[PDB]
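Any read-out appearing in this document is the output of simple, stated calculations on the displayed coordinates, not a laboratory observation. Quick reminder, even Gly has a Cβ in these numbers, built from the backbone with ideal geometry, and neighbours come from all protein chains shown.
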Amino acid sequence: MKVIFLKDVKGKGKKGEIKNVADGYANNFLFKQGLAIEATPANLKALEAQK
Ligand SMILES: [Zn+2]
Ligand SMILES: [Zn+2]
Ligand SMILES: [Zn+2]
Ligand SMILES: [Zn+2]
């Protein structure tokens, strides 16, 4: 699934990147720890507002 990285995650992604990752890794690690959010239209809008 496509995510937006909020923080660098070594080996996986860098803050600001939008990219595809394994679903289990997004669900159980990235989302759980606030390291990325789902790359939905709503989230991109909200994120751009908060930047
Ligand atoms: Zn999926
Ligand atoms: Zn940082
Ligand atoms: Zn970095
Ligand atoms: Zn946010």
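Would the stretch 23-35 turn up any residue that is polar (S, T, N, Q), within 16 Å of ligand 4 (Cβ to nearest atom) and not in a strand (DSSP E or B)?
yes
Return the only residue of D23, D8 being away from ligand 3 (no atom under 14 Å from the Cβ) and of a type in the set (D, E).
After ruling out the rest, the residue left standing is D23.
For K7, are the conditions met, namely being of a type in the set (D, E, K, R) and part of a loop (DSSP other than H, G, I, E, B)?
Judged against the criteria, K7 is a match.
Within the stretch 15-22, is there a residue that is of a type in the set (G, A, S) and touching a helix residue (DSSP H, G or I) at 6+ places or on another chain (Cβ under 7 Å)?
Looking for residues that are of a type in the set (G, A, S) and touching a helix residue (DSSP H, G or I) at 6+ places or on another chain (Cβ under 7 Å), one finds none in the stretch 15-22, hence no.
Report the residue count in the stretch 35-51 for those that are under 8 Å from the mean Cα position of the chain (by Cα) and within 16 Å of ligand 2 (Cβ to nearest atom).
Within the stretch 35-51, residues that are under 8 Å from the mean Cα position of the chain (by Cα) and within 16 Å of ligand 2 (Cβ to nearest atom) number 3.
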